[PDB]
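Heads up, the sequence shown is in the authors' numbering, so the first residue is 5 and it goes up one at a time.
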Amino acid sequence: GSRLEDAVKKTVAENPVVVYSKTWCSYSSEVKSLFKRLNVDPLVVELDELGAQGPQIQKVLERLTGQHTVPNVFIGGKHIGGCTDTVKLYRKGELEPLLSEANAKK
Ligand SMILES: *SC[C@H](NC(=O)CC[C@H](N)C(=O)O)C(=O)NCC(=O)O
């Protein structure tokens, strides 16, 4: 449990943009599209493709972020929120500078 938390923390530190996702979730597909449009290639972890580990990672995500929904977006090692939250940062003009500070590749 503490190792899983540690692994999540490393994941978000190793990658400019991380999206914890589920393949079927429209909001997740939507935030992935936004990143595609902004020429970012995030690390996408599909919780529904992880079997038993999926619910385990989500437990950790809820502890670290306060959020129980997907997508769970991180940029530059920092929790952003979900699709709607990410889109808010975009509309406000704050998203691209964050992606730059995170050195988002592509
Ligand atoms: S599609 C799966 C569900 N996601 C959302 O409802 C995300 C909405 C947010 N406002 C956003 O990301 O934009 C989901 O995670 N359902 C699980 C549940 O417990 O409701």
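Every residue, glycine too, gets a C-beta built ideally from N, C-alpha and C.
Quiz prompt | Separation of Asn-19 from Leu-47, as counted between CA atoms | solution = Between the C-alpha atoms of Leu-47 and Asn-19 there is a straight-line separation of about 7 Å.
Practice problem: Could you tell me how far apart the beta carbons of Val-64 and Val-35 are, in whole angstroms, since I believe they sit closer than 8 Å? | Solution: 20 Å between Cβ atoms; not a contact.
Quiz item: When the Cα atoms are used, what is the spatial distance from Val-21 to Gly-85?
Solution: Going by the C-alpha atoms only, they are around 12 Å apart.
Self-check item: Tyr-31 beta carbon less than 9 Å from that of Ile-61
Solution: Annotated as distal: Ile-61 and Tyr-31, with beta-carbon spacing of 9 Å or more.
Exercise. May I ask whether a heavy atom of ligand 1 can be found less than 8 Å away from the beta carbon of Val-64?
Key: Checking the Cβ of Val-64 against ligand 1 gives no.
Quiz item: Hey, how far is the Cα of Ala-108 from the Cα of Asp-45?
Solution: Each residue's alpha carbon lies about 8 Å from the other.
Quiz prompt | Cβ-based neighbour list, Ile-79, same chain, cut-off 6 Å, excluding 5 preceding and 5 following | solution = If we look at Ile-79 and ignore the five residues flanking it on each side, its Cβ neighbours are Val-21, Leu-102, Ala-106.
Quiz item: If you check the beta carbons only, do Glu-50 and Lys-13 fall under 9 Å apart?
Solution: No, Cβ-Cβ distance for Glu-50 and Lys-13 is not below 9 Å.
Self-check item: Contact belief for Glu-100 with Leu-42 at Cβ below 8 Å, rounded distance in angstroms
Solution: About 7 Å separates the two Cβ atoms, so the contact holds.
Quiz item: Where does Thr-88 land, buried or exposed, given buried means 16+ other C-beta within 10 angstroms?
Solution: With a 10 Å radius around the Cβ and a threshold of 16 neighbouring Cβ atoms, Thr-88 comes out exposed.
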